[PDB]
């Protein structure tokens, strides 16, 4: 697929600008990756754009670039809405929604927002309720898995405690 090798080029350019502090270049490449996924229409392209959003949000947070992180969260919302308009498959919308909810939850665990980590787990449980599929709860447990993992390596004890609770809630 030639659509994939386009997002990799804009990913190298977006993560490079996230380190040197070129927040304006981050806005351009993130908006470009949105246009790449918007033109094709396939779920894989809408998905592959989320990796770029998650990739730049990691390096921007690791470099103290707070505004570049806020730009990634904005794009993560835009790919979801652009998918709800393009994608006709309701199950593909569920996957892309939890994949975006998972991204905003990993950045909140590093940032130790606690309240945002709680809302992310609260939203992720709600998305899997209307879906009612075994695929939805599998990805919902993955948002809890990533929140608990990232919060441990960060030493934020408030999130690993909330993650273990939400995991036990849907086990029944």
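Numbering follows the first chain given and starts at 1.
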Legend entry - Comparing 21-29 with 153-161, the one whose average Cα B-factor in the PDB entry is higher: 153-161
Inset, instruction - Would you determine, from the values in the PDB entry, which of 110-118 and 47-55 has the greater average C-alpha temperature factor? - result: 110-118
Legend entry - residue 134 CA temperature factor, ranked by third within the chain: lowest
Inset, instruction - Report the third (lowest, middle or highest) to which the CA temperature factor of residue 128 belongs, ranking only the modelled residues of the same chain. - result: highest
Legend entry - Within-chain third of residue 10 by Cα B-factor, per the entry: highest
Inset, instruction - Sort the modelled residues of this chain by their C-alpha B factor and say whether residue 37 lands in the lowest, middle or highest third. - result: highest
Inset, instruction - Would you mind checking where the Cα B-factor of residue 74 ranks among the modelled residues of its chain, as the lowest, middle or highest third? - result: lowest
